[PDB]
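Here the structure is laid out as structure tokens; the discussion comes afterwards.
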Number of protein chains: 2
Amino acid sequence: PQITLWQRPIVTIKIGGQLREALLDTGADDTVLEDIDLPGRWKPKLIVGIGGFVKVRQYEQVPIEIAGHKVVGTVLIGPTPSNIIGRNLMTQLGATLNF
Amino acid sequence: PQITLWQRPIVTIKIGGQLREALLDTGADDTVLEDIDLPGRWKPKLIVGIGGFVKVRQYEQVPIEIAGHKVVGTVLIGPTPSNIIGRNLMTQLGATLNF
Ligand SMILES: [Cl-]
Ligand SMILES: [Cl-]
Ligand SMILES: [Cl-]
Ligand SMILES: [Cl-]
Ligand SMILES: [Cl-]
Ligand SMILES: [Cl-]
Ligand SMILES: [Cl-]
Ligand SMILES: [Cl-]
Ligand SMILES: [Cl-]
Ligand SMILES: [Cl-]
């Protein structure tokens, strides 16, 4: 799609059977979602959040659909003020900012 | 331009004689710059930053060039971890996210 920016760029995402929403955030390096579960192994990671650092789970090679486009990449699961799609997945999408 | 996202989307900006850089941040509502001065009146505004709230100065109808494109809009001046161009100015640019 072509997404304008007069409102927050919130899109529908889907991971397996879990339909959610998230912000397309060009100011975020990584993707962080609070309201999803995944099975299997994961690696701990620290991100910055309230109180200094927050521990999240890093899941690799996750299939995720963003605004109807399927990609595969890393998803961080843990506390976040908003679900955010970061540059790691926007690169998979081939997304660009255009003006 | 057409800006890819495999690195942080940092662009050159210019306000009067003040040439700087800033991140194009679709996760930011407003534009916040730390390393610029402007003359004249301004209105105080609180934003979220380290320690809860940070006081910045709100300047209106500021002419600013972003990646070579001139626009006019509101610029917040104060502490910020990175200079950020937010959606308020990206809308003026007619910027879109495309995939
Ligand atoms: Cl599932
Ligand atoms: Cl992030
Ligand atoms: Cl620990
Ligand atoms: Cl959508
Ligand atoms: Cl990835
Ligand atoms: Cl100047
Ligand atoms: Cl902001
Ligand atoms: Cl006060
Ligand atoms: Cl530039
Ligand atoms: Cl504005």
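Please treat every number below as a calculation from the coordinates, not as lab data. Because the Cβ atoms are built from the backbone with ideal geometry, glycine has one as well, and the counts that use them run over all protein chains shown.
Quick notes on this one:
- Of all residues in the stretch A:66-92, those that are over 13 Å from A:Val11 (Cβ atoms) and away from ligand 1 (no atom under 16 Å from the Cβ) have Cβ atoms under 8 Å from Cβ atoms of residues that are basic (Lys, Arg) and in a strand (DSSP E or B), 6 or more apart or on another chain, in A:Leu76/A:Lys45; A:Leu76/A:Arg57; A:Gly78/A:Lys55; A:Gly78/A:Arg57.
- Qualifying residue in the stretch B:1-18 (condition: in contact with a helix residue (DSSP H, G or I) (Cβ under 8 Å, 6 or more places away or on another chain), within 16 Å of ligand 5 (Cβ to nearest atom) and in contact (Cβ under 8 Å) with a residue 12 or more places away in the chain): yes
- Taken over the stretch B:24-44, residues that are surrounded by 20 or more Cβ atoms within 10 Å (Cβ to Cβ) and within 14 Å of another protein chain (Cβ to nearest Cβ) amount to 7.
- Test result for A:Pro1, more than 23 Å from B:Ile3 (Cβ to Cβ) and of a type outside the set (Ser, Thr, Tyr): no
- Only listed residue being out of contact with any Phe, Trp or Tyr (no Cβ under 9 Å at 6 or more places or on another chain), farther than 16 Å from B:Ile77 by Cβ and within 16 Å of ligand 7 (Cβ to nearest atom), chosen from B:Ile36, B:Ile13, B:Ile50: B:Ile50
- Verdict on A:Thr91 being closer than 30 Å to B:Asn88 by Cα and away from ligand 5 (no atom under 14 Å from the Cβ): no
- Test: B:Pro9 is more than 16 Å from ligand 10 (Cβ to nearest atom), surrounded by fewer than 13 Cβ atoms within 10 Å (Cβ to Cβ), within 30 Å of A:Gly94 (Cβ to Cβ) and not hydrophobic (A, V, I, L, M, F, W, C): no
- Within the stretch A:63-99, considering residues that are crowded, with 19+ Cβ neighbours inside 10 Å and more than 14 Å from every other protein chain (Cβ to nearest Cβ), the one farthest from the chain's Cα centre (by Cα): A:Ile77
- Number of residues in the stretch B:22-49 that are under 25 Å from A:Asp30 (Cα atoms) and more than 16 Å from ligand 9 (Cβ to nearest atom): the value is 10.
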